[PDB]
Amino acid sequence: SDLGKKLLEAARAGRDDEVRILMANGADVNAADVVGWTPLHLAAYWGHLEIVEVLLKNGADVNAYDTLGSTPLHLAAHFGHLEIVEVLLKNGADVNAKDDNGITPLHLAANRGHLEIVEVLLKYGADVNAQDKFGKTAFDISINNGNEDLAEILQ
Amino acid sequence: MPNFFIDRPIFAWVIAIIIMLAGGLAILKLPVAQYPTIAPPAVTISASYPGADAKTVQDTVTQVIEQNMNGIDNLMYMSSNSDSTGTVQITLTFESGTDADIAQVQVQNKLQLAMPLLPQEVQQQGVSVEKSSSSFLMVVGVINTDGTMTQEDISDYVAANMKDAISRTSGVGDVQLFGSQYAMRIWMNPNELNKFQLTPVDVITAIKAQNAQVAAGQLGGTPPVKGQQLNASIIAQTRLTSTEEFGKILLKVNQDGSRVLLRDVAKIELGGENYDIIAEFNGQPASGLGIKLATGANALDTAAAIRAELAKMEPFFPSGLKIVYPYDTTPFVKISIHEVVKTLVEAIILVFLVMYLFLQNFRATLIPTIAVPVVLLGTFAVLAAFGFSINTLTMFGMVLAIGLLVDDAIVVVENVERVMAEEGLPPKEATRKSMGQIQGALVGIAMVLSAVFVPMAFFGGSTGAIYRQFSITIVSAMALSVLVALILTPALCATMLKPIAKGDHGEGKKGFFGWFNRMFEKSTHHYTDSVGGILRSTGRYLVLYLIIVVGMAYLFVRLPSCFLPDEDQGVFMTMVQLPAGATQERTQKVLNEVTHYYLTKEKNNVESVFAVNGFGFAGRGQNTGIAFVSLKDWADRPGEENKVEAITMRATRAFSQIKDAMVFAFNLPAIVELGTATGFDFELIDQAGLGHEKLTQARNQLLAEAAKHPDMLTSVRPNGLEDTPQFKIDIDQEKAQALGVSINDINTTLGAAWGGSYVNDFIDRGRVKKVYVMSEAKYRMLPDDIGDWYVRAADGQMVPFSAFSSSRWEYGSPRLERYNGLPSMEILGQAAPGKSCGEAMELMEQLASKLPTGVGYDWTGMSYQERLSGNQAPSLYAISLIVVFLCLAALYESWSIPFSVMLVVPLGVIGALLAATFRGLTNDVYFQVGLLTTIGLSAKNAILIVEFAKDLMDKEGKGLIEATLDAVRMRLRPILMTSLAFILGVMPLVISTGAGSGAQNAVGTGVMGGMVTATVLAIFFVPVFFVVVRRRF
Amino acid sequence: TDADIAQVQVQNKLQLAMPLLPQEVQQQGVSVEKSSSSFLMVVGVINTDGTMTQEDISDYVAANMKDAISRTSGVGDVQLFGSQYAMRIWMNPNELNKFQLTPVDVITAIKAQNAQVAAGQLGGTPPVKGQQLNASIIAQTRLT
Amino acid sequence: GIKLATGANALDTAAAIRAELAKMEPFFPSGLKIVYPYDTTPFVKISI
Amino acid sequence: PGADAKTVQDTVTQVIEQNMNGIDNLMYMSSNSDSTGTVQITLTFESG
Amino acid sequence: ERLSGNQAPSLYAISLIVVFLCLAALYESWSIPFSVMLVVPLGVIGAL
Ligand SMILES: CCCCCCCCCCCCO[C@@H]1O[C@H](CO)[C@@H](O[C@H]2O[C@H](CO)[C@@H](O)[C@H](O)[C@H]2O)[C@H](O)[C@H]1O
Ligand SMILES: CCCCCCCCCCCCO[C@@H]1O[C@H](CO)[C@@H](O[C@H]2O[C@H](CO)[C@@H](O)[C@H](O)[C@H]2O)[C@H](O)[C@H]1O
Ligand SMILES: CCCCCCCCCCCCO[C@@H]1O[C@H](CO)[C@@H](O[C@H]2O[C@H](CO)[C@@H](O)[C@H](O)[C@H]2O)[C@H](O)[C@H]1O
Ligand SMILES: CCCCCCCCCCCCCC
Ligand SMILES: CCCCCCCCCCCC
Ligand SMILES: CCCCCCCCCCCC
Ligand SMILES: CCCCCCCCCC
Ligand SMILES: CCCCCCCCCC
Ligand SMILES: CCCCCCCCCC
Ligand SMILES: CCCCCCCCCC
Ligand SMILES: CCCCCCCCCC
Ligand SMILES: CCCCCCCC
Ligand SMILES: CCCCCCCC
Ligand SMILES: CCCCCC
């Protein structure tokens, strides 16, 4: 897609006004690059909140997953983008989505010590006992990393 | 001194001969080259870390080297890039004038001490230090036309049978192989490895063990048992030499006694060191040699010698192998030289004709015909003394000089002839008297013109290197011309010129000459009448002078200023950039389309396309390439539509239709050695450990702000690569330890298979070459393949990568840049139409001041030069003006009269600007040096008018107007003579088309326009100047 | 004597000795300088708000100032009056013995787990026909 | 502590050192200040 | 160390010699490679 | 040896020419210098 590509580039770049015009012209919100990232993936990774919102209004798949099973929520949680985490969840993001390694948004937020994001994930039903492929929980991560504050949150 | 030599013609001849011998010898020994060295010295450190990403390269190599680059003299700046092909280049640039050999050795010696701090794999590949020079003399292409040889095959053949002999050819300074010699390629199969419970680690160990050179000792070595009869070296294991031997390397013997050989787990072949470049010449596999010219060498002779050596090689070539020559700079050198010699000869012919037309005797025509070559030969000797070469710039210097050499010869001869006609003196007495009238002025002039041309030599940086070529050539020529005019030409005048009876101005001759003489005597009367009328009404001419000065100023500021003109160099480039993550295969598709366009749509103009997949200048990688396009000879490309400008425009237009790729054509810069000289070259700098992402955001902030000022800034863009998706794989340490799998085995297995590993060397038909192990392609393409690789645990079990790893996509940089030791991003751009580079720079600085805390900036390359080099021009012009004034004051014994000469400057400049503007040329170096020549010549005419007028006033007691009128009458003829000779002499330059005509036109146009107005205006205005100035004081 | 030549000659002889020196000496970096023995100047750096300790200041200077001064022409040598930061592992022999470990185990672990691995590429050259994807493989990076 | 390279001009080197330090100052953390406790060059300049 | 003359020529001497071109004022270059593993390459330059 | 012998003709030639030219300059003559330079073989024979 000509306009799908342009949209991928614009979502990544955070070019807000360019995303708008592209939405007006029917640029494919479910365009995917070679690694399976949608515009929503891109905007989530790079922390572009307004663009996330616009894409969701225009019927972006909130639980699109990449070629390794990661979702926009995974990326927003991992890279500390609280508002985007909230927006995604409000729009039905699977709070317990596992990637191909059995890693969840909670695992990722925990690993980077993003306290507020962990609480939001928990508030929306994040499974605190979910294990990755190595049998590890967000709690295990917090302990290994020596994050006392995050350990206390995860009882 | 004239009087000395008038009585000593033989001594004069002796001096002339010595000069000619010196010059002749200098012509024989002088180096020939297109351009002198202009770029400041640069040394580049290059390293390769097989399989490494950019960050790995930076953080284990680049930073380590950079931190050890201290205590090196005359360093201006240091820049580097580290990229995802595993490459680092660090470039150190030194102050102009630095001895490059010392710079190189200092850099190398600091690198040598940093080597122990680098990764083993980098120490094993080694690190290179070279002088940096995109000044190739030529590129020799080598292709196979019968489909029997791959590019790797060709490159090996060239390395083994051609390169070394080219390297030893006379005048060859350096030779780059565009490719690699063969490497022993072990292509591993993970299925087979797992079947026998083996890993790449076992493969590498086996190769190191079984492909080695082992020391032993001697039989009967010292100290011996006395009585020993024999001493002999003991030879033990030596390197393998063939794929067959590598194939039989023994990996393992199974319990049942069967043998596992290397060929049972891998494919074995002679292949390339590297597979990132695919090079094609008109669609066929290609390699080649980039050849640089040795210091001091003759370019033309070297090119000829290179050809002769290749001819000797052709009879031994394998089938289908063919030499091509896709780039050669020596045609320009050849043509440039031929054109200057032709010009010089034409000048002599034209002077002869003009002399004969006016003076109407052959004896007089011979005097300049001797003197000009004497001065020129002398000038060559002076060039040789000061270490200059015969090159484009020095040769144009000599073309520009012609009009001054010619003038000095005309002035002397003409003036004697006039004295003989007016006073009836015999030749020798006339010469003595005549020389009396001019000798002081000739000396004054030498000072004036030294003041005009010398200051230019004292510019700095690259611009100074260019200017200095013109300045030394012209000043030398001019000084020799005055010496010859004080020594040789008076002697020749006194001994060669026939007497003329008092009053005989040839009016009583018959036929054409009779008519001409009567016409010219009458035209002088009309001229002098006119001046008389002008001098009764000097007020309105001072108004016209002001209009000229204002008009000059107007035209000057609006004339675009490039430093050298663009040439059709017979070659240009097309850039190919594909989206992030695009493959070699896709880029090749595009390059094929590009090559197709040129071979079909431009069949009359394009000789060849050399397409290089995997290479660009702003970064390498699978998604980039270049096509070098080499054109048919200028002769077979008549008309503007078949020149590089039109061709690149059509090409670029066409290639905009290409989808999912950025493709466009662009000409080379005039001097390829200093790269693009239009624009600014800005560096954005992380001054506070901000990091890559924060620096990119700040870059975007500045680029976005730059785009809001299109009235000041154009094409403001990064000279780098954008972040791309990358595959992050995390080894789980706990699981590895639990399974008994060592981290070193994991990392070797991953890196050897997916990245390749340089194991050791072997000997292929007597040449040492490398051994690489790597996965066969089909097992290292996709994420799922990771799990097909097994590692052996301590307990002998084979564990798949999937069991102890996890992976995710992320973004990272494929090319990280650094400037003076700090993270950086290079930003290119230019001043908008009608703005100076200065104002653009100023604005860039203001914008940059508003960026986030910790983000600095700096100017590099041509921007750096400009900022240092550009604040000196005013001082130099000021000094020049002052020295001119002072010399004239000495000459005329007056503080006021020098003003009457100096006011002439605008009269030539206006004409040059008119001609340049109308022909749409630039204020370039050639135009500037031509202006200086025009100014000099017009100043010379004015000086002699004023000297004669002042002399008539002081010596003969004549009134102001009477003397001015007699002065201009006497000086009309020599001025029309020199002007007509010179204007015609430069005509060929003006109308020139084809090779080097950019330069020829720039030189010739400004001078022709300048000389018209300098001549036409000065003969009316200089009398005004003298009379006004004298009246005022 | 031309000091540049003196330096080169000294360094050429030194490079024959380099391989014979202990690894630990080679790894600290051996320097060859041509300079006065005494100080042209001392450039001091303080914090006037008392918000940086001596150690902090010294690190700032080592990491953000020293190298550029060192490369400035006419600067023969630069002594830091203080030290750059390093990652300090301060070992406890009681704890080491409790787990049957030694400094040797510590060093091995650090070399293994504070590592910067060249891992190659997906779809790297030479590729299979049809390959759509090319991307760097990122494995272990230096700890921070 | 800065030592002068063999044969180099003390005043020019000091000047170059100052120019380079000037480029660093704008990016200093709060409170960081350059002081000049010991310099042999001012005497040369001033004595001349 | 331990290499025969041919080995040292093919892995050292030839490698060095192939880089020894386009050096100023070089008259001639000679070399030997011997069974003790030693290489000596001598480059002689124009007087002056 | 091969260089020394191959340059001797040039050296004798230029030396003879310079002597002639200096004499010409000195005595303001082409004929007096020719009269003098004819002597050269009378000395050269003795040397040989
Ligand atoms: C190759 C070089 C030569 C190329 C030829 C160029 C042609 C252009 C020539 C222009 C010369 C000016 O021409 C000259 O102008 C002055 C004006 O002040 C005239 O002067 C006349 O008019 C003015 C006022 O009207 C009176 O003060 C003056 O007494 C009277 O004679 C001259 O009679 C005329 O000959
Ligand atoms: C009797 C006295 C005669 C003196 C004559 C002097 C004036 C005529 C000489 C021609 C010069 C014209 O060119 C003038 O100079 C410089 C060359 O340094 C040109 O070109 C360059 O100058 C400096 C050189 O570092 C740069 O900073 C500048 O950015 C660039 O444009 C300018 O565009 C122009 O202003
Ligand atoms: C018969 C001989 C003919 C005469 C030829 C003489 C050539 C002159 C040679 C000296 C060259 C001058 O080179 C040098 O340029 C720099 C340019 O920044 C000048 O410096 C000038 O510019 C700087 C920068 O704006 C000013 O701060 C300074 O006050 C000013 O003088 C130096 O004062 C001058 O000495
Ligand atoms: C290549 C050398 C050319 C020199 C030519 C010398 C010409 C001699 C003419 C002498 C005339 C002197 C008048 C008395
Ligand atoms: C013999 C006539 C006296 C004039 C002398 C000319 C000198 C002019 C140039 C002086 C510059 C130093
Ligand atoms: C650049 C210096 C200009 C000085 C002008 C002085 C003019 C004085 C003339 C005296 C003649 C009697
Ligand atoms: C007749 C007196 C001549 C005066 C000396 C000649 C001046 C030229 C010297 C460069
Ligand atoms: C007066 C001119 C003398 C010319 C001598 C040329 C020197 C060449 C050295 C090889
Ligand atoms: C102006 C002197 C140029 C002499 C070099 C010509 C060489 C031609 C060789 C092909
Ligand atoms: C950068 C200073 C270079 C000085 C060149 C001097 C030229 C002398 C002119 C005759
Ligand atoms: C730069 C030197 C200019 C000197 C001019 C002298 C003027 C004298 C007027 C009486
Ligand atoms: C090469 C020197 C020539 C001398 C000629 C003398 C003419 C009468
Ligand atoms: C003394 C006059 C000698 C001139 C001889 C001329 C030969 C060409
Ligand atoms: C009268 C002076 C003679 C000059 C010699 C070159």
# chains A, B, ... in the order shown; residues from 1 in each chain; ligands from 1
$ residues_around --residues "residue 131 (chain C)" --least-positions-apart "2" --cutoff "12 Å" --atoms "only C-alpha atoms" --output "number ranges by chain"
A: 34; B: 581-587, 622, 777-778, 780-782; C: 122-129, 133-135
$ closest_atom_pairs --of "chain C" --to "chain B" --cutoff "9 Å" --atoms "only C-alpha atoms" --output "JSON lines"
{"residue": "C:4", "atom": "CA", "partner": "B:102", "partner_atom": "CA", "distance": 7.7}
{"residue": "C:5", "atom": "CA", "partner": "B:102", "partner_atom": "CA", "distance": 8.7}
{"residue": "C:7", "atom": "CA", "partner": "B:106", "partner_atom": "CA", "distance": 8.9}
{"residue": "C:8", "atom": "CA", "partner": "B:109", "partner_atom": "CA", "distance": 7.7}
{"residue": "C:11", "atom": "CA", "partner": "B:109", "partner_atom": "CA", "distance": 7.3}
{"residue": "C:12", "atom": "CA", "partner": "B:109", "partner_atom": "CA", "distance": 8.6}
{"residue": "C:15", "atom": "CA", "partner": "B:112", "partner_atom": "CA", "distance": 8.2}
{"residue": "C:18", "atom": "CA", "partner": "B:113", "partner_atom": "CA", "distance": 8.9}
{"residue": "C:23", "atom": "CA", "partner": "B:116", "partner_atom": "CA", "distance": 8.6}
{"residue": "C:26", "atom": "CA", "partner": "B:116", "partner_atom": "CA", "distance": 6.3}
{"residue": "C:27", "atom": "CA", "partner": "B:116", "partner_atom": "CA", "distance": 5.9}
{"residue": "C:28", "atom": "CA", "partner": "B:117", "partner_atom": "CA", "distance": 8.2}
{"residue": "C:29", "atom": "CA", "partner": "B:113", "partner_atom": "CA", "distance": 6.4}
{"residue": "C:30", "atom": "CA", "partner": "B:113", "partner_atom": "CA", "distance": 6.4}
{"residue": "C:31", "atom": "CA", "partner": "B:113", "partner_atom": "CA", "distance": 7.3}
{"residue": "C:32", "atom": "CA", "partner": "B:110", "partner_atom": "CA", "distance": 8.4}
{"residue": "C:33", "atom": "CA", "partner": "B:71", "partner_atom": "CA", "distance": 6.9}
{"residue": "C:34", "atom": "CA", "partner": "B:71", "partner_atom": "CA", "distance": 8.1}
{"residue": "C:64", "atom": "CA", "partner": "B:687", "partner_atom": "CA", "distance": 7.9}
{"residue": "C:67", "atom": "CA", "partner": "B:67", "partner_atom": "CA", "distance": 6.5}
{"residue": "C:68", "atom": "CA", "partner": "B:820", "partner_atom": "CA", "distance": 7.4}
{"residue": "C:69", "atom": "CA", "partner": "B:70", "partner_atom": "CA", "distance": 8.6}
{"residue": "C:70", "atom": "CA", "partner": "B:70", "partner_atom": "CA", "distance": 5.2}
{"residue": "C:71", "atom": "CA", "partner": "B:70", "partner_atom": "CA", "distance": 4.5}
{"residue": "C:72", "atom": "CA", "partner": "B:75", "partner_atom": "CA", "distance": 7.3}
{"residue": "C:73", "atom": "CA", "partner": "B:73", "partner_atom": "CA", "distance": 5.3}
{"residue": "C:74", "atom": "CA", "partner": "B:73", "partner_atom": "CA", "distance": 6.9}
{"residue": "C:75", "atom": "CA", "partner": "B:71", "partner_atom": "CA", "distance": 6.4}
{"residue": "C:76", "atom": "CA", "partner": "B:71", "partner_atom": "CA", "distance": 5.6}
{"residue": "C:77", "atom": "CA", "partner": "B:71", "partner_atom": "CA", "distance": 6.8}
{"residue": "C:112", "atom": "CA", "partner": "B:743", "partner_atom": "CA", "distance": 6.6}
{"residue": "C:113", "atom": "CA", "partner": "B:733", "partner_atom": "CA", "distance": 8.3}
{"residue": "C:116", "atom": "CA", "partner": "B:56", "partner_atom": "CA", "distance": 6.0}
{"residue": "C:117", "atom": "CA", "partner": "B:747", "partner_atom": "CA", "distance": 7.0}
{"residue": "C:118", "atom": "CA", "partner": "B:52", "partner_atom": "CA", "distance": 4.1}
{"residue": "C:119", "atom": "CA", "partner": "B:751", "partner_atom": "CA", "distance": 4.3}
{"residue": "C:120", "atom": "CA", "partner": "B:755", "partner_atom": "CA", "distance": 3.5}
{"residue": "C:121", "atom": "CA", "partner": "B:754", "partner_atom": "CA", "distance": 6.0}
{"residue": "C:122", "atom": "CA", "partner": "B:781", "partner_atom": "CA", "distance": 4.9}
{"residue": "C:123", "atom": "CA", "partner": "B:781", "partner_atom": "CA", "distance": 4.2}
{"residue": "C:124", "atom": "CA", "partner": "B:781", "partner_atom": "CA", "distance": 6.9}
{"residue": "C:125", "atom": "CA", "partner": "B:275", "partner_atom": "CA", "distance": 5.4}
{"residue": "C:126", "atom": "CA", "partner": "B:275", "partner_atom": "CA", "distance": 5.5}
{"residue": "C:127", "atom": "CA", "partner": "B:777", "partner_atom": "CA", "distance": 5.5}
{"residue": "C:128", "atom": "CA", "partner": "B:777", "partner_atom": "CA", "distance": 5.8}
{"residue": "C:129", "atom": "CA", "partner": "B:585", "partner_atom": "CA", "distance": 7.5}
{"residue": "C:130", "atom": "CA", "partner": "B:585", "partner_atom": "CA", "distance": 7.5}
{"residue": "C:131", "atom": "CA", "partner": "B:583", "partner_atom": "CA", "distance": 6.9}
{"residue": "C:132", "atom": "CA", "partner": "B:583", "partner_atom": "CA", "distance": 6.1}
{"residue": "C:133", "atom": "CA", "partner": "B:581", "partner_atom": "CA", "distance": 6.1}
{"residue": "C:134", "atom": "CA", "partner": "B:581", "partner_atom": "CA", "distance": 5.1}
{"residue": "C:135", "atom": "CA", "partner": "B:726", "partner_atom": "CA", "distance": 5.1}
{"residue": "C:136", "atom": "CA", "partner": "B:726", "partner_atom": "CA", "distance": 5.1}
{"residue": "C:137", "atom": "CA", "partner": "B:727", "partner_atom": "CA", "distance": 4.8}
{"residue": "C:138", "atom": "CA", "partner": "B:728", "partner_atom": "CA", "distance": 4.6}
{"residue": "C:139", "atom": "CA", "partner": "B:729", "partner_atom": "CA", "distance": 5.1}
{"residue": "C:140", "atom": "CA", "partner": "B:730", "partner_atom": "CA", "distance": 6.9}
{"residue": "C:141", "atom": "CA", "partner": "B:56", "partner_atom": "CA", "distance": 7.4}
{"residue": "C:142", "atom": "CA", "partner": "B:59", "partner_atom": "CA", "distance": 8.3}
$ residues_near_ligand --ligand "ligand 12" --cutoff "7 Å" --atoms "only C-alpha atoms and all ligand atoms" --output "PyMOL selection string"
(chain B and resi 17) or (chain F and resi 17+21+30)
$ interface_residues --of "chain C" --to "chain D" --cutoff "7 Å" --atoms "only C-alpha atoms" --output "MDAnalysis selection string"
chainID C and resid 3 34:49 69 72:80
$ interface_residues --of "chain A" --to "chain B" --cutoff "10 Å" --atoms "only C-alpha atoms" --output "number ranges by chain"
A: 2, 5, 13, 33-37, 45-46, 66-70, 75, 99-103, 132-134
$ atom_distance --atom1 "CA of residue 1029 (chain B)" --atom2 "CA of residue 979 (chain B)"
26.1 Å
$ residues_near_ligand --ligand "ligand 13" --cutoff "7 Å" --atoms "only C-alpha atoms and all ligand atoms" --output "list in words"
residues 29, 30, 31 and 32 of chain F
$ residues_near_ligand --ligand "ligand 1" --cutoff "7 Å" --atoms "only C-alpha atoms and all ligand atoms" --output "PyMOL selection string"
chain B and resi 529-531+533-534+536-537+976+1015-1016+1020
$ residues_near_ligand --ligand "ligand 2" --cutoff "9 Å" --atoms "only C-alpha atoms and all ligand atoms" --output "PyMOL selection string"
chain B and resi 448-449+451-453+456+459-461+463-464+467+556-557+559-563+836-838+865-874+876-878+880-885+901-905+909+923-925+927-932+935-936+939
$ residues_near_ligand --ligand "ligand 14" --cutoff "8 Å" --atoms "only C-alpha atoms and all ligand atoms" --output "PyMOL selection string"
chain B and resi 1+4-5+15+487
$ residues_near_ligand --ligand "ligand 6" --cutoff "7 Å" --atoms "only C-alpha atoms and all ligand atoms" --output "PDB file with N, CA, C and O atoms, in the first residue's frame"
ATOM      1  N   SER B 894      54.180  62.232  -5.474  1.00  0.00           N
ATOM      2  CA  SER B 894      52.951  62.919  -5.125  1.00  0.00           C
ATOM      3  C   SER B 894      52.020  62.009  -4.336  1.00  0.00           C
ATOM      4  O   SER B 894      51.937  60.822  -4.612  1.00  0.00           O
ATOM      5  N   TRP B 895      51.278  62.608  -3.401  1.00  0.00           N
ATOM      6  CA  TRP B 895      50.264  61.918  -2.619  1.00  0.00           C
ATOM      7  C   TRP B 895      48.898  61.985  -3.300  1.00  0.00           C
ATOM      8  O   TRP B 895      48.017  61.200  -2.962  1.00  0.00           O
ATOM      9  N   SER B 896      48.715  62.935  -4.235  1.00  0.00           N
ATOM     10  CA  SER B 896      47.443  63.115  -4.923  1.00  0.00           C
ATOM     11  C   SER B 896      47.341  62.367  -6.254  1.00  0.00           C
ATOM     12  O   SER B 896      46.341  61.712  -6.527  1.00  0.00           O
ATOM     13  N   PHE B1033      44.027  69.229  -6.355  1.00  0.00           N
ATOM     14  CA  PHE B1033      45.209  69.421  -5.527  1.00  0.00           C
ATOM     15  C   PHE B1033      46.319  70.268  -6.237  1.00  0.00           C
ATOM     16  O   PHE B1033      46.156  71.474  -6.465  1.00  0.00           O
TER      17      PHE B1033
END
$ interface_residues --of "chain B" --to "chain F" --cutoff "8 Å" --atoms "only C-alpha atoms" --output "MDAnalysis selection string"
chainID B and resid 8:12 14
$ write_last_selection --atoms "N, CA and C atoms" --output "mmCIF file, in the first residue's frame"
data_model
loop_
_atom_site.group_PDB
_atom_site.id
_atom_site.type_symbol
_atom_site.label_atom_id
_atom_site.label_comp_id
_atom_site.auth_asym_id
_atom_site.auth_seq_id
_atom_site.Cartn_x
_atom_site.Cartn_y
_atom_site.Cartn_z
ATOM 1 N N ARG B 8 75.309 46.568 -24.529
ATOM 2 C CA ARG B 8 75.784 45.218 -24.296
ATOM 3 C C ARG B 8 74.743 44.196 -24.749
ATOM 4 N N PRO B 9 74.387 44.179 -26.054
ATOM 5 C CA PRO B 9 73.372 43.260 -26.554
ATOM 6 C C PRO B 9 73.706 41.789 -26.326
ATOM 7 N N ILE B 10 75.003 41.458 -26.329
ATOM 8 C CA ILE B 10 75.439 40.085 -26.161
ATOM 9 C C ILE B 10 75.166 39.653 -24.726
ATOM 10 N N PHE B 11 75.550 40.484 -23.755
ATOM 11 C CA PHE B 11 75.262 40.174 -22.363
ATOM 12 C C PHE B 11 73.764 39.916 -22.189
ATOM 13 N N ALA B 12 72.947 40.808 -22.756
ATOM 14 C CA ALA B 12 71.501 40.668 -22.767
ATOM 15 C C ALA B 12 71.080 39.318 -23.347
ATOM 16 N N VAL B 14 72.912 36.672 -23.487
ATOM 17 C CA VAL B 14 73.417 35.636 -22.604
ATOM 18 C C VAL B 14 72.411 35.407 -21.477
#
$ select_by_dssp --residues "chain E" --states "alpha helix (DSSP H)" --output "MDAnalysis selection string"
chainID E and resid 5:8 14:18
$ atom_distance --atom1 "CA of residue 391 (chain B)" --atom2 "CA of residue 340 (chain B)"
10.8 Å
$ atom_distance --atom1 "CA of residue 173 (chain B)" --atom2 "CA of residue 21 (chain E)"
6.6 Å
$ residues_near_ligand --ligand "ligand 5" --cutoff "7 Å" --atoms "only C-alpha atoms and all ligand atoms" --output "count of residues only"
10
$ residues_near_ligand --ligand "ligand 9" --cutoff "12 Å" --atoms "only C-alpha atoms and all ligand atoms" --output "VMD selection string"
chain B and resid 23 to 33 297 to 305 307 330 to 331 333 to 344 376 to 377 379 to 380 389 to 392 394 to 396 398
$ residues_near_ligand --ligand "ligand 10" --cutoff "8 Å" --atoms "only C-alpha atoms and all ligand atoms" --output "ChimeraX atom specification"
/B:96-97,454-455,457-461,464,468,471-472,475
$ write_last_selection --atoms "N, CA, C and O atoms" --output "short mmCIF file (atom, residue, chain, number, x, y, z; two decimals), in the first residue's frame"
data_model
loop_
_atom_site.label_atom_id
_atom_site.label_comp_id
_atom_site.auth_asym_id
_atom_site.auth_seq_id
_atom_site.Cartn_x
_atom_site.Cartn_y
_atom_site.Cartn_z
N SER B 96 46.10 22.89 7.06
CA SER B 96 46.73 23.03 5.75
C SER B 96 48.20 23.30 6.00
O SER B 96 48.56 24.01 6.94
N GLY B 97 49.07 22.69 5.19
CA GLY B 97 50.49 22.84 5.41
C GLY B 97 51.12 21.77 6.30
O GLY B 97 52.32 21.69 6.37
N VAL B 454 50.07 39.39 -5.25
CA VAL B 454 50.68 38.71 -4.12
C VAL B 454 49.70 38.47 -2.97
O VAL B 454 49.61 37.35 -2.50
N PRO B 455 48.89 39.46 -2.54
CA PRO B 455 48.00 39.27 -1.40
C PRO B 455 47.15 38.00 -1.47
O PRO B 455 46.92 37.35 -0.46
N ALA B 457 47.90 35.14 -2.49
CA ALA B 457 48.69 34.01 -2.03
C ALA B 457 48.55 33.73 -0.54
O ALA B 457 48.82 32.62 -0.10
N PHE B 458 48.16 34.76 0.23
CA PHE B 458 48.10 34.69 1.68
C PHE B 458 46.72 34.36 2.25
O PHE B 458 46.54 34.41 3.45
N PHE B 459 45.76 34.00 1.40
CA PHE B 459 44.56 33.34 1.89
C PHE B 459 44.94 32.00 2.50
O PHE B 459 46.01 31.46 2.21
N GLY B 460 44.07 31.44 3.34
CA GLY B 460 44.38 30.18 4.00
C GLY B 460 43.44 29.06 3.56
O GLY B 460 42.44 29.31 2.88
N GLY B 461 43.77 27.84 4.00
CA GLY B 461 42.92 26.69 3.73
C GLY B 461 42.96 26.30 2.25
O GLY B 461 43.92 26.62 1.57
N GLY B 464 43.04 29.27 -0.32
CA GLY B 464 44.40 29.77 -0.45
C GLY B 464 45.29 28.91 -1.33
O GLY B 464 46.09 29.41 -2.11
N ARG B 468 46.87 30.52 -4.60
CA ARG B 468 48.32 30.60 -4.55
C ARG B 468 48.92 30.15 -5.88
O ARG B 468 49.96 30.67 -6.30
N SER B 471 48.57 33.12 -8.20
CA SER B 471 49.33 34.25 -7.70
C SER B 471 50.82 34.10 -7.98
O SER B 471 51.44 35.02 -8.52
N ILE B 472 51.39 32.95 -7.62
CA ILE B 472 52.80 32.72 -7.88
C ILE B 472 53.09 32.70 -9.38
O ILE B 472 54.14 33.19 -9.80
N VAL B 475 52.61 36.54 -10.82
CA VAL B 475 53.60 37.45 -10.27
C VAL B 475 54.98 37.13 -10.83
O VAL B 475 55.71 38.04 -11.20
#
